[PDB]
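Here's a solo chain for you in structure tokens, the form deposited without adenosine-5'-triphosphate.
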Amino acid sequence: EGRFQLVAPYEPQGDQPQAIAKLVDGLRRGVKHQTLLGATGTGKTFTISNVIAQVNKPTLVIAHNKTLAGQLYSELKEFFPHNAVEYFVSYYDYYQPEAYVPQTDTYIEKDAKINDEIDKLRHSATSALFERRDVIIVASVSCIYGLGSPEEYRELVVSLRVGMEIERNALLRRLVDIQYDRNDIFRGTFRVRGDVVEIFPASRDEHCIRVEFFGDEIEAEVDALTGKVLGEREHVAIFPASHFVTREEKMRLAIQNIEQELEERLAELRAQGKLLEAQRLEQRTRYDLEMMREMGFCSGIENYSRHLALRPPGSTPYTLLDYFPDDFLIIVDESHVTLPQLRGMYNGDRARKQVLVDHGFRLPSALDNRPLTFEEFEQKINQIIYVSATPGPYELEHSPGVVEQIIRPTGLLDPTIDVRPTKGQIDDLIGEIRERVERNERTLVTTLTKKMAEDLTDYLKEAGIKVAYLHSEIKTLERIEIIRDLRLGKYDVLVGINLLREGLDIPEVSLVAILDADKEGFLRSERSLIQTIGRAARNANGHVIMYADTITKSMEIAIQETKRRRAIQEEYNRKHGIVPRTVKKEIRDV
């Protein structure tokens, strides 16, 4: 199995073709790193898919938060309905990352809830990498996290076929060995028939937990359901219901080794400190040890992963990247944000666990169960393509120039930008807002301080304007509920501190004021300004007013870059006879 087949109603237009073709040629010529400098509004995902389709490579796509990853998932499901599209997120984006606050002497327990749906896809994702080569997995930063090993997974595989002879209680045990998927209560699970022709309905095998259930009748298996049969199979392969499954024999040795260190660190801890002496871990360690030799698992098994794997201390973890074939493709979405996040994962994780080993709530060995360092992420890269409108320094330095893709299909342009003085900035901006109102268009205003905004908001009302808010964290449900309100005429202007807040792309917005354009801050950086300038590119009369006293380096670059893109798009609309017009959108609701 190995054929990618991209299904789109439309076709590569604007400047995708050169971008696709160029990226594709860089893959084949063997370039390690490439960058897709693409403006929002162009068909960024479609372009990436086309690349994928053309090279026929199993690929991982890295989003930097639960939502974007989800968005690429559905989108990429659509582009590839007849292929292996997977979702690999985790519980890293929620639940207490078990740590300890010394000063406040207040312990936090790993308190999480396995959202079963995820687990399904994790497992279907981890399985598919062994069935077909036509696989695409969307994932968060989690993909660089400590997972089980890959071979001791492909190795713990229960291969079922017709003609082969296996007890009705042999396969039953080869099954419990792998932390049993559908071998328990709710019912006899897979118990029925028996003999040299049994029932065995291997149902909840998480890598298909959306009612699939494989039923095999002594080498004579066929897919089924919660109702009845469907699609007859000759060969089926079951995957370990867990990512961290260890063979009894290795577990017996790991248990010893844990002990040789739960002990020998007590000797080193005894001599040095007097933190409960050293001891105090005994309650959960020995508790966990007993829970391991009396049952394959235990509380937070993850913490023993290096031991269970039987590898040397300091060893580099096993991760989703290691489940992939030797020559996969990685695509980093919003790479100017995703990469920095990725690289800061280890420090943060080590910090929060160094402490846990200090109040002896975990042993040193627990430090070996962590995310990858950036250097280790690099060493595991075969070939990557970074996607971003404003690529970071790592992407630009490691890739040979950039592959551009700035032409949107409606020919909408990057806005014009005016930079004006701060003296009179408020009455000046009001004039410009009133006009937008008359023309039936909305403004978006950004300030640096959360109190200069409050100030401005109230000022605008005093001018008789339908102003938006001031509060940064106004939930997520009342947020989507104010945007909608703004793109309907409820309000005309909208004041926020951070306009990079996902969900502000609004075709009715024609003006964007930036109030302390030349002030230091993350949100006034070169990349941040360009990203903000882009909130006025969704409209044919898009304009940007920057209020400032000076032209910073950040402002220069941003202004020069927008200009360069606008000229280019304008010439393209000229050579092709396109007249810029605003993409309409449906005003839905909640």
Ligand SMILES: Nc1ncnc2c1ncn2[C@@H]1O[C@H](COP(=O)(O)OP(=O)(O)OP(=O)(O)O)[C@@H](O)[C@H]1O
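Numbering starts at 1 and follows the sequence shown.
This protein has a second form, the form deposited with adenosine-5'-triphosphate bound, left out of what is shown; the following refers to that one.
For the options 313, 421, 340, 409, the one in contact with adenosine-5'-triphosphate in the entry with it bound, meaning a heavy atom within 4.5 Å, is 409.
Exactly one listed residue, out of 454, 508, 505, 177, brings a non-hydrogen atom to within 4.5 Å of adenosine-5'-triphosphate in the entry with it bound: 505. When contacts are judged by a 4.5 Å heavy atom cut-off, residue 18 does not count as touching adenosine-5'-triphosphate in the entry with it bound.
Residue contact with adenosine-5'-triphosphate in the entry with it bound: residue 75 places a heavy atom within 4.5 Å of it. In the entry with it bound, adenosine-5'-triphosphate lies farther than 4.5 Å from every heavy atom of residue 67. At a distance threshold of 4.5 angstroms between non-hydrogen atoms, residue 11 is in contact with adenosine-5'-triphosphate in the entry with it bound.
Across the options 44-52, 519-527, 541-549, 59-67, residues that bring heavy atoms within 4.5 Å of adenosine-5'-triphosphate in the entry with it bound belong to 44-52. The partner is not shown here, and in the entry with it bound the stretch 554-590 never reaches within 4.5 angstroms of adenosine-5'-triphosphate through any heavy atom.
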